[PDB]
Number of protein chains: 2
Amino acid sequence: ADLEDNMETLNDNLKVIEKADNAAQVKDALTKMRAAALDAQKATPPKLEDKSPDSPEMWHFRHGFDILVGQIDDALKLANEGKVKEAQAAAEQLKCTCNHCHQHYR
Amino acid sequence: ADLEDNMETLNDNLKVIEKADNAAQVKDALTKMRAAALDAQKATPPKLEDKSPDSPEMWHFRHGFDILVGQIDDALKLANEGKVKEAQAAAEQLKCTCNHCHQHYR
Ligand code: HEC
Ligand code: HEC
Ligand SMILES: [Zn+2]
Ligand SMILES: [Zn+2]
Ligand SMILES: [Zn+2]
Ligand SMILES: [Zn+2]
Ligand SMILES: [Zn+2]
């Protein structure tokens with residue numbers, strides 16, 4: 001999928017987690033976010049003029065998704081333990097990772 | 001100053017901005033935050049075992065302070081224009097930069 005689709009997958013599933021009732025719903029949404037993050041990691045920021053994979057800012061761009069995936073994995077551990085409220089709170093901590101990349105690249 | 005002092009300078013002055021009344025108070029606090037950020041940029045994260053300046057994660061650590069300084073400079077432009085409420089809102093956007101580095105390194 002393209003970057004827009006991957007970001008809206010992240011966006012919609014974060015909301016699903018917030019409104020979820022049980023561990024299975026949270027797990028399903030986090031699983032979809034993880035795949036969307038790794039897919040988006042292959043894209044480039046539109047406003048970044050230098051697209052070279054070896055450039056510092058492309059390393060930083062991909063690094064940001066590795067951090068996001070790590071946080072998603074933290075939340076998945078809680079969801080797999082059945083800790084719904086805890087997993088929802090962990091998903092809340094994602095938001096500053098989203099907002100940070102956005103401010104930096106958009 | 002050491003890392004602890006620099007972080008509490010950032011911490012206390014962010015609160016000063018939130019409670020400020022005029023552009024001069026906001027400007028003074030942002031100016032102190034900027035210096036504290038550049039000083040902290042010379043430190044290393046305690047829990048990072050590899051301290052080599054050329055390592056990717058030390059590049060990332062220093063990069064995070066350059067981003068923070070850029071955001072402080074955005075807020076300073078508004079404060080120097082007398083736009084108090086706008087500068088306070090810009091200081092609010094700093095928080096995800098703080099929280100992101102913290103989650104990543106602490
Ligand atoms: C964390 C969970 C999130 C969430 C919820 C979103 N993102 Fe991102 N994002 C990144 C870039 C470069 C863009 C610009 C895309 C473009 O200009 O084409 C975006 C954009 C978005 C949107 C807006 C989509 C739109 O309609 O324009 C949304 C809703 C969104 N994102 C959600 C880059 C990154 C990251 C790189 C390291 C990370 C992490 C995130 N985004 C994280 C998130
Ligand atoms: C943005 C405006 C902020 C604010 C308000 C704070 N920081 Fe940081 N910070 C960083 C690291 C590596 C640490 C660990 C320090 C240690 O373990 O010795 C901290 C710690 C803090 C604290 C806690 C101080 C304490 O009493 O333990 C506080 C209050 C704090 N910070 C405020 C690293 C970074 C960054 C690197 C890129 C950035 C940016 C920030 N911090 C940003 C902020
Ligand atoms: Zn969209
Ligand atoms: Zn960068
Ligand atoms: Zn302290
Ligand atoms: Zn890093
Ligand atoms: Zn970063």
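Quick note: numbers below take in every heavy atom, side chains included, and nothing from hydrogens, waters or symmetry partners. Both ligands and their constituent atoms are indexed starting at 1 by order of listing. In what follows, every chain begins at residue 1, and chains take the letters A, B, ... in the order their sequences are listed.
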Report yes or no: do [X] and [Y] form a side-chain donor-acceptor pair below 3.5 Å?
X	Y	result
A:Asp50	A:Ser52	yes
A:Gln71	A:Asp74	no
B:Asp66	B:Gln41	yes

Below 3.5 Å, N or O to N or O, backbone or side chain included: is there any such pair between B:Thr97 and ligand 2?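 No, since none of the N or O atoms of B:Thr97 sits under 3.5 Å from an N or O of ligand 2.
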Check ligand 1 against A:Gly64 and write out every atom of the ligand that is under 4.0 Å from a heavy-atom position of the residue.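 Counting from 1, the qualifying ligand atoms are 37 (C).
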Which of the atoms in ligand 1, numbered in the order shown and given with their element, are less than 4.0 Å from a heavy-atom of A:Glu4?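 Counting atoms of ligand 1 from 1, those under 4.0 Å from A:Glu4 are 24 (C), 25 (C), 26 (O), 27 (O).
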Short check: any N/O/S atom of B:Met7 below 2.8 Å from atom 8 (Fe) of ligand 2?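 True for B:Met7.
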From B:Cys101, does some N, O or S atom reach closer than 2.8 Å to atom 8 (Fe) of ligand 2?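 No, since none of the N, O or S atoms of B:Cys101 sits under 2.8 Å from atom 8 (Fe) of ligand 2.
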Would you kindly specify which portion of B:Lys95 sits under 4.0 Å from ligand 2, judged on non-hydrogen atoms: side chain, backbone, both or neither?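 The answer is neither.
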Relative to ligand 2, is B:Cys98 under 4.0 angstrom through side chain, backbone, both or neither, heavy atoms considered?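 Both backbone and side chain.
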May I ask which of [options] has a heavy atom nearer to [atom] than the others do?
atom	options	value
atom 29 (C) of ligand 2	B:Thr44, B:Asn11, B:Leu94	B:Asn11
atom 11 (C) of ligand 2	B:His60, B:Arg106, B:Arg62, B:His63	B:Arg106
atom 8 (Fe) of ligand 1	A:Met33, A:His104, A:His102	A:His102

What's the atom name of the N, O or S in B:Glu4 nearest to the Zn ion (ligand 5)?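 The Zn ion (ligand 5) is closest to the B:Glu4 atom OE2, counting only N, O or S.
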What atom name does the N, O or S atom of B:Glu8 nearest to the Zn ion (ligand 5) carry?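 Of all N, O or S atoms belonging to B:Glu8, OE2 is the one nearest the Zn ion (ligand 5).
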Any side-chain to backbone donor/acceptor pair from [X] onto [Y]? Under 3.5 Å, distance only.
X	Y	answer
B:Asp2	B:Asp5	yes
A:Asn11	A:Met7	no
B:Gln88	B:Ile17	yes

Under 6.0 Å between ring centres: does that hold for A:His104 and B:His63?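 Close enough - the centres of the two rings lie under 6.0 Å apart.
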Quick test of your reading of the model: are A:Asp28 and A:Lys32 salt-bridged, counting only N-O distances below 4.0 Å?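 Yes, charged N to carboxylate O under 4.0 Å.
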